[PDB]
Amino acid sequence: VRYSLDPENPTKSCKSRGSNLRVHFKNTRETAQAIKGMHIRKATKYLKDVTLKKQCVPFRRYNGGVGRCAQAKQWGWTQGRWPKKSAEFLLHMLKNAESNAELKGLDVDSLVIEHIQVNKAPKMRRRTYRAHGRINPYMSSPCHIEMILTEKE
Amino acid sequence: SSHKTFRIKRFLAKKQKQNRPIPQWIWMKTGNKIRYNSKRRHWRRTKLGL
Amino acid sequence: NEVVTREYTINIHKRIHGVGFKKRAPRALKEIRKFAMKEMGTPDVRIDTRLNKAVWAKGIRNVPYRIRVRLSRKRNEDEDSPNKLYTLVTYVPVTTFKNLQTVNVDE
Amino acid sequence: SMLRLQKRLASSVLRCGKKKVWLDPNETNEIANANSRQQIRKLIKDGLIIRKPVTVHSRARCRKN
RNA sequence: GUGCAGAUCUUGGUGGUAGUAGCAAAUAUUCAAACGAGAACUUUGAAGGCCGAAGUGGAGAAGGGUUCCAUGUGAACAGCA
RNA sequence: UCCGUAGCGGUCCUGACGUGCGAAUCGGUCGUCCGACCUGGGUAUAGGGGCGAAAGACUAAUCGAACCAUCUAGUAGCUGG
Ligand SMILES: [Mg+2]
Ligand SMILES: [Mg+2]
Ligand SMILES: [Mg+2]
Ligand SMILES: [Mg+2]
Ligand SMILES: [Mg+2]
Ligand SMILES: [Mg+2]
Ligand SMILES: [Mg+2]
Ligand SMILES: [Mg+2]
Ligand SMILES: [Mg+2]
Ligand SMILES: [Mg+2]
Ligand SMILES: [Mg+2]
Ligand SMILES: [Mg+2]
Ligand SMILES: [Mg+2]
Ligand SMILES: [Mg+2]
Ligand SMILES: [Mg+2]
Ligand SMILES: [Mg+2]
Ligand SMILES: [Mg+2]
Ligand SMILES: [Mg+2]
Ligand SMILES: [Mg+2]
Ligand SMILES: [Mg+2]
């Protein structure tokens, strides 16, 4: 599958991919920007802390009306949330990348998430009912998620 | 209603029999374009006239 | 040392003060479960059905003010969880809540 | 599991409501494969389905009045 | 039937708003267990409640047409699951 | 005939709502409630016509002339390209 970014060392790099994932794209982008510079153990621990509301995802671009928490000050930001479903989906995908690395025989504890990006999947359609006999869209915003690990010691 | 007539019940019988999905083996055919049954009907959505 | 049971009394009347009428008995259950988590360091807290009867004995808006509660920390059974020990929380019927200390009962 | 069917058939056999039907909570899997009126009459005989008594509406207070 | 920037142009697609407005009419849920990969919402039991015989009960007419019943699934729908 | 329930209706708050539960609803307060009462089904009256205890009201969310198709690509000294 044609990836967006090629790895600098494909022997020591593994890939994972997911398409048409029923997650909010904006929450997925902000948490992937949080994951993007991390080692795999730190990323797994921080994604568990997001679901347990111990560490937050800073909302940097899509932050309109997003409330302010105390835990965002570790990121140099004021607005943060804890997207649970979005943290679990790219934890399942991170486990898939773990399983793909173990298949290639790469070292488990040296994996650093080198590339990750979130794209917009095709939007799927439902319908809501408004006043004065008007019917409005109830569109979902699913996402494609892409990541590449790299042995970085 | 439960007080049907014979012609109405027979019309309902035919419209019951046309409301089944396509068989699985028809889209292994050579000159085939049908993906699914597009003439399907649900009792809540489309109210069949009458 | 790890498997220990002892009896406390819980003042629901100070753990309850301020919440509305339709949430007083569920808030009393959550406060009993929170007290059990704080006093026995296990996140797995199981409350007895008789204790649920005792809290909900009057109704949803008049919870009993004090209640006598036996905590029993026990080893977890099969399907080994991240929790290693759990806390069984038991009603103890009593007449008066006068001069009842924290009593360390023994098996 | 799911005992929606068993309570309905037990109510119909006992000629009471579903309000009064008591299924055994310990023997759930043995009631869960009954799926018939004839095999549910057996479990009523065996005591795994019990018709609960009527909730008490005492008349003694207004008799006293 | 030959060149578009406009005609509250036509059709189709996509943005900011915006992860915002909102998911607030009719008193209310709680504990334990089972099935399961997964349980605030399924099932069972124990409670606490409501409808309170002009009922949130039991049956019909009109209308609907398989929605009835059994089993399986959890892709899409059932505005959380 | 009076108070008043079910039913029928809709005064006031010019309350709620007003991208609403709703293209007319909801709450309290109200009018009437044995008669010019309420209501189902059947049937009759059709558009310059019906029907009207009469408001130009109603006649399928359409009424000082309903709706559908055609004449019709009606005409415009007027507006926009
Ligand atoms: Mg911004
Ligand atoms: Mg704003
Ligand atoms: Mg709406
Ligand atoms: Mg409408
Ligand atoms: Mg309908
Ligand atoms: Mg030409
Ligand atoms: Mg153009
Ligand atoms: Mg909001
Ligand atoms: Mg019935
Ligand atoms: Mg009924
Ligand atoms: Mg849903
Ligand atoms: Mg009179
Ligand atoms: Mg009168
Ligand atoms: Mg007003
Ligand atoms: Mg408003
Ligand atoms: Mg509503
Ligand atoms: Mg005439
Ligand atoms: Mg009149
Ligand atoms: Mg006039
Ligand atoms: Mg002129």
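Residue numbers begin at 1 in each chain, while the letters A, B, ... track the order of the sequences.
Here the options are A:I113, A:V112, A:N100, the test is side-chain contact (heavy atoms from CB on, under 4.5 Å), and the partner is A:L149; only A:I113 passes.
Atom-to-atom, CZ of B:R44 to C1' of E:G63 comes out at 14 Å; the value is rounded to the nearest Å. The CG-P distance, from C:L29 to E:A46, rounds to 18 Å in whole Å.
Within the structure, every pair that satisfies the ring-ring contact (aromatic ring centres under 6.0 Å, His included) test and touches residues 8-30 of chain C, not counting sequence neighbours, is listed here: C:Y8-C:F35, C:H13-C:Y65.
In terms of position on RNA chain F, the residue among A:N136 and A:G133 whose nearest nucleotide sits closer to the 5' end is A:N136.
F:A61 and E:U43: their P atoms are spaced 44 Å apart (whole Å). Annotation: F:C67 and F:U72 have their P atoms spaced 22 Å apart (nearest Å). F:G56 and F:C63 have their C1' atoms separated by 9 Å, with the value rounded to a whole Å. Taking atom P in both F:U32 and E:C68, one finds a spacing of 49 Å when rounded to whole Å. The separation of F:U79 from E:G12, taken at their P atoms, amounts to 33 Å, rounded to a whole angstrom. For the P atom pair drawn from E:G74 and E:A37, the interatomic distance equals 11 Å after rounding to whole Å.
Taking only side-chain nitrogens and oxygens, A:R134 never comes nearer than 4.0 Å to OP1 or OP2 of F:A23. A sub-4.0 Å separation between OP1 or OP2 of E:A46 and a side-chain N or O of D:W22 is present. Distances shorter than 4.0 Å separate some side-chain N or O of B:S1 from OP1 or OP2 on E:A62. The phosphate of E:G65 (OP1 or OP2) has no side-chain N or O of B:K14 nearer than 4.0 angstrom. Proximity of C:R33 to the phosphate of E:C31: a side-chain N or O atom is located under 4.0 Å from OP1 or OP2.
No donor-acceptor pair under 3.5 Å is formed between the side chain of A:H115 and the backbone N or O of A:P7.
Looking at RNA chain F, the stems built from 3 or more consecutive Watson-Crick or G-U wobble pairs, each pair with its key distances under 3.5 Å, are F:7-9 with F:30-32.
In this entry F:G31 carries a north-puckered sugar, per its positive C1'-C2'-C3'-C4' angle. Nucleotide E:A61 carries a north sugar pucker, as its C1'-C2'-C3'-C4' torsion angle is positive. Judged by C1'-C2'-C3'-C4', the furanose ring of E:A46 adopts a north pucker.
Residue contacts shown for D:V21 are limited to sugar-phosphate atoms, with no base heavy atom under 4.0 Å away. Residue-level contact check: B:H3 touches the backbone only, with heavy atoms under 4.0 Å from sugar-phosphate atoms and none from bases.
Base pair annotation for E:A54 with E:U42: unpaired, by the Watson-Crick or G-U wobble rule (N1-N3 plus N6-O4 or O6-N4, or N1-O2 plus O6-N3, under 3.5 Å).
When Watson-Crick and G-U wobble pairs are counted only if both distances are under 3.5 Å, E:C35 pairs with no nucleotide at all.
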task: For ring pair (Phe, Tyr, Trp, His ring centres under 6.0 Å), just list the numbers for C:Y91 and C:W56, CA-CA rounded to whole Å, side-chain angles, deciding distance to a tenth of an Å, and then say yes or no.
output: CA-CA 12 Å; C:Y91 185 34; C:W56 287 80; over 10 Å; no
- prompt: Which parts of nucleotides 74-81 of chain E does protein reach within less than 4.0 Å, heavy atoms only, written one letter per nucleotide 5' to 3' as B for base, S for sugar-phosphate only and - for none?
  reply: --SSSBS-
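Counting only heavy atoms from C-beta on, C:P26 has its side chain closest to E:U29 among E:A61, E:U42, E:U29.
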